[PDB]
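Numbering (the UniProt record's numbering), first residue to last: 5 to 116, 118 to 173, 183 to 352.
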Ligand SMILES: C[C@H](Nc1nccc(-c2c(-c3ccc(F)cc3)c(=O)n(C3CCNCC3)n2C)n1)c1ccccc1
């Protein structure tokens, strides 16, 4: 084991190994906190995340295990992955803190180039999100909360997806209507909806469906895509949902060409295929990557899929000490990248 050093940051103590220097708080909240650090053993700059109260409850302990398993699994350029994972703990018995390490990214999509993002910037960014989603979706993982603050980018416009599979600017703004209005049954194209919303925003400078609550939000969405016809209305189980929607007079579906007016017509068509209510008819990430709007970036030989990922743990009901020991084991078996 390495040599650690302790230190208190933003009223947050940190006990990390010597290899990481110049810790400097970058972000925080409920989840825990993140510091930018310099990693002396490889010359690279990293982000160190200390989980907040990793084993305070069964739900905490399970989410901790969930995050570590997710992160150890993802190996892709457009998906945050694991450089290192460590604990001060010298034994299972002492184990109470988890720190996760990944390459440092510059900012998130809220605050990063132009005011007018430019259509080629748009192309590259959305291309990278779709390529990351492709990988993720291929492991039967779904983001569920995809949005600009979960998309990290570099000054070079390199992009990585953050916080995927954890939700087991405003979130509601980018959420697919089917999971928004509670649906246990949807598919991975919920994340494509969000992509749609993000893409629109970039191109346009304004949030596509702002919305002050779930009702205002759904109203804003039907205005653009139009009320569900009888074809889609057949797949809505709840009288509840079906009565409200059938309760509002039909809204026609708008001409996207006129909403996003003078955007690249290729952009608009793609927007048209992503922002469909029927989640059965919504384009998937692998299909979107083959749309013409990305002819300049698309490369079928370099848009890999994930190895199979075992989330059998997810239906497991265990005690905190079982989740905690599961997590400790994953720390101990961690193999850094080559
Ligand atoms: C400067 C900082 N750089 C950075 N780099 C890489 C990963 C990160 C990073 C991580 C993170 C850090 C280390 C890991 F091993 C895994 C993930 C993380 O969990 N977040 C937030 C995601 C939203 N939920 C709260 C935590 N961020 C921003 N941060 C940053 C701060 C804010 C936005 C984007 C980037």
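Note that CB positions come from ideal geometry on N, CA and C, so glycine has one too.
Item, Value
"Look up residue 337 in the DSSP assignment and say whether it is helix, strand or coil.", "helix"
"Compute the minimum distance between the beta carbon of residue 79 and the heavy atoms of ligand 1, and state whether it is under 6 Å.", "no"
"In the DSSP assignment, what are the bridge partners of residue 31?", "38"
"Tell me which residues share the same chain as residue 298 and place their Cβ nearer than 8 Å to its Cβ, disregarding the 5 neighbours each side in the sequence.", "142, 202, 203 and 206"
"Of the residues 280, 98, 74 and 94, which one's Cα is nearest the Cα of residue 140?", "74"
"Taking the straight line between their C-alpha atoms, what separation do you get for residue 51 and residue 269?", "44 Å"
"Taking three-plus beta-carbon pairs below 8 Å as touching, is the segment 121-136 in contact with the segment 87-94?", "no"
"List the endpoints of the continuous alpha helix (DSSP H) containing residue 233.", "228-239"
"Between residue 38 and ligand 1, is the CB less than 6 Å from at least one heavy atom?", "yes"
"Per the DSSP calculation, residue 54 is bridged to which residue(s)?", "37 and 103"
"In angstroms with no decimal places, state the Cα-to-Cα distance between residue 16 and residue 130.", "34 Å"
"Could you check which residue in 294, 111 and 127 has the C-alpha nearest to that of residue 160?", "111"
"Using the beta-carbon count (16 or more within 10 Å), is residue 327 buried or exposed?", "exposed"
"Assuming residue 102 and residue 87 are in contact, meaning their beta carbons sit under 8 Å apart, how far apart are those beta carbons, in whole angstroms?", "At roughly 14 Å, the Cβ-Cβ gap does not stay under 8 Å, so residue 102 and residue 87 are not in contact."
"Determine the burial state of residue 279: buried for a count of at least 16 other Cβ atoms within 10 Å of its Cβ, exposed for fewer.", "exposed"
"Quick check on DSSP: helix, strand or coil for residue 72?", "helix"
"Starting from residue 21, follow its DSSP beta bridges and name the residues at the other end.", "8"
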